[PDB]
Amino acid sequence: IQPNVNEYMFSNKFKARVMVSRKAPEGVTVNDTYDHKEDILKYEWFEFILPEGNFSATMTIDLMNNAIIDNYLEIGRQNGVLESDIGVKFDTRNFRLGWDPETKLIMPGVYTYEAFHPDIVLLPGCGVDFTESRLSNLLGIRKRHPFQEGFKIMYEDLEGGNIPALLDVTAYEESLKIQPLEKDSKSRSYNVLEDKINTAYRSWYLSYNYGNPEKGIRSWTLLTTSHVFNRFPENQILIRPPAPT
């Protein structure tokens, strides 16, 4: 027959923009008195190749994430990029289930971890480009307009899809102290976004279903049917997505 992922069908490539370097401006000479909020963040595009084969649908998302992380291992971390800065992460869960209207946090302190639909999560300055890729159809994310040249979903395009912050359940129980979770185990930042309600990560599935129907990503996208892969088991954003079993 023919494998589900091969170069003839163009289902092994996809372009994505990720953070490349994090360096203080000029000669700051980063010391104790450095804010680290003035770091210069440079982003860049790359074409990510996956091996060929069948690769299911969840295993496809596992390999797509692995391609992003391989780039971070090659150029990313060596130029000051943190694990808190990995922008492109492909997930399958609803990041808004634990949300509470009064606190506007997710009280369970953990995202639901139940597979619903393939998703794209991004950090500011990042994005994915499926213009020359057929992996979008495999993720169940297609253009709402068939004749729309290009299919580039980026961070600026996902208005209203910010992943809510996790409740600091430990502080809450130590009482009430309804506090957002700033970091995780191993002290890598969740990016709490100052408003103390949401994170800097933006989910496509959130902007589609919980965002503005017009002037959002739903306006021109369509939701259709679809420990090396869990390098960050403690991070609730970067954890291996659940499988629809």
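From 1 onward, residues are counted along the sequence shown.
Enquirer: Would you mind checking whether any residues of the deposited sequence sit unmodelled between residue 175 and residue 176, and how many (none, 1 to 3, 4 to 9, 10 or more)?
Expert: In the deposited sequence, 10 or more residues between these two have no coordinates.
Enquirer: In terms of residues present in the deposited sequence but not modelled, what lies between residue 21 and residue 22: none, 1 to 3, 4 to 9, or 10 or more?
Expert: Per the record, no deposited residues are absent between residue 21 and residue 22.
Enquirer: Higher mean Cα B-factor in the deposited model: 194 to 202 or 61 to 69?
Expert: If you average the C-alpha B-factors of 194 to 202 and of 61 to 69, the larger mean comes out for 194 to 202.
Enquirer: Pick between 48 to 56 and 23 to 31: the one whose mean CA B-factor in the entry is higher.
Expert: Going by the record's values, the stretch with the higher mean is 23 to 31.
Enquirer: Highest recorded C-alpha temperature factor, please, choosing from 170, 137, 78, 112.
Expert: Going by the entry's C-alpha B-factors, 170 comes out highest.
Enquirer: For the chain shown, is the CA B-factor of residue 222 in the lowest, middle or highest third of its modelled residues?
Expert: It falls in the middle third of the chain.
Enquirer: Name the third of the chain's ranked CA B-factors that contains residue 146, choosing lowest, middle or highest.
Expert: Highest third of the chain for residue 146's C-alpha B-factor.
Enquirer: Within this chain, which third does the Cα B-factor at residue 91 fall in: lowest, middle or highest?
Expert: For residue 91, the deposited C-alpha B-factor lands in the lowest third.
Enquirer: Lowest, middle or highest third: where is residue 102 by Cα B-factor in its chain?
Expert: Highest third.
Enquirer: Please rank the C-alpha B-factors of the chain's modelled residues and tell me whether residue 232 sits in the lowest, middle or highest third.
Expert: Residue 232: CA B-factor falls in the middle third of its chain.
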